[PDB]
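Listed next as structure tokens is one chain, alone, in the form deposited in one PDB entry.
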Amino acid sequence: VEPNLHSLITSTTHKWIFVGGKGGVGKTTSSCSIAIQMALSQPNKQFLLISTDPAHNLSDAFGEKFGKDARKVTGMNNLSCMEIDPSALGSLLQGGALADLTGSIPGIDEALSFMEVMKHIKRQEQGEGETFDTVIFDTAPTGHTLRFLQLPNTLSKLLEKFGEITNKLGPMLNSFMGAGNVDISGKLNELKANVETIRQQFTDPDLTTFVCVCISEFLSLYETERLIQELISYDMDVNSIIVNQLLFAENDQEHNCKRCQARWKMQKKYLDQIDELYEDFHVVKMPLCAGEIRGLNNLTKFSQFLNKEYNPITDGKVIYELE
């Protein structure tokens, strides 16, 4: 199992790529980098990179204004970006009943949010986009955004418990508690149907994968291990971890600084834990750069190391020149 994302970058079967990682972990740089690498490597296919971050992280990363309308990133004719706010008559009753459910039932809020992002995609495609071959999902930093994948099971198990209890005695008691009951069954069952359809593609490892992003630090390893467990319970394919902010301190010409040297001793300790824990994962080890990486130019030079492993002995020049 190669310490790179080369097989993903050149894959012609994947249409849905999720990228995620909590805690200032280089996630958005990684999303941008994966999108660039795939677009450069497959110039015949059209790629979309989409974010739901209210901070407009893609606009910040590329240095240009992105929005709800898909726009090509300047310098590419192959990659487009979107930034959408997914948070943004009987329908008022239908919505109010459904709003009450988002707070108490896990997966409903996430389903409605993701259904909205999918609506934005197909709208951009029909209105001369014209069709994206693969979508890179830059996942939100907060929340468990793929939780909707457990919803079809959650709410069918709830319907059976509903079916067991209601059939006790009635219809005296049934009509009393069900008085003024807004049905919302048709709106709920179509949501279940929409998820089950999405699940068919998202649980297919040839069509969909999740790339985890982390740093070589105790709490980030902890967060990564739980992220992977969450994704396994969704039956979502995960075999890629990007480890960012690595110092490779023993290498740099202009050595010294013990603070940095001690920090890399600790990073190396958790790297050995990652190597041992994730033996059959693509664990791609990415160098720290001075500042954050912004602009198409710096993003492509840095992104290359997702495809062919960074070698601190030879590639140091490239990094200390992005700086």
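Residue positions are given as counts along the sequence shown, with the first one as 1. If you superpose the two forms and keep the largest set of C-alpha atoms that fall within 1.5 Å, you have the rigid core.
There is another form of this protein, the form solved in complex with a partner chain, and it is not shown here; the text below is about that form.
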- in the bound PDB entry, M82 touching its partner chain (heavy atom, 4.5 Å): no
- Distance check, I228 to its partner chain in the bound PDB entry, heavy atom within 4.5 Å: yes
- Message: Contact with its partner chain in the bound PDB entry for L277, defined as at least one heavy atom pair within 4.5 Å: yes or no?
- Response: yes
- Query: Can any non-hydrogen atom of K268 be found within 4.5 angstroms of its partner chain in the bound PDB entry?
  - Reply: no
- Query: Would its partner chain in the bound PDB entry be within 4.5 angstroms of a non-hydrogen atom of every residue among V1, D237 and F281?
  - Reply: yes
- Task: Choose, among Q200, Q229, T74, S104, the residue with a C-alpha displacement of 2 Å or more between this form and the one not shown when the rigid core is used for superposition.
- Result: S104
- Tell me, please, whether between this form and the one not shown the C-alpha of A55 is shifted by 2 Å or more, with the rigid core used for superposition. yes
- Inspect the rigid-core superposition and answer whether the C-alpha of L155 shifts by 2 angstroms or more between this form and the one not shown. yes
- Message: Could you check, with the core superposed, whether the Cα atom of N189 shifts 2 Å or more between this form and the one not shown?
- Response: yes
- Message: What direction does the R226-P106 Cα distance move in the bound PDB entry compared with the shown chain, closer or farther, given a change of 3 Å or more?
- Response: farther
- Closer or farther: C-alpha pair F18/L149 in the bound PDB entry, relative to this form, given a change of 3 Å or more: closer
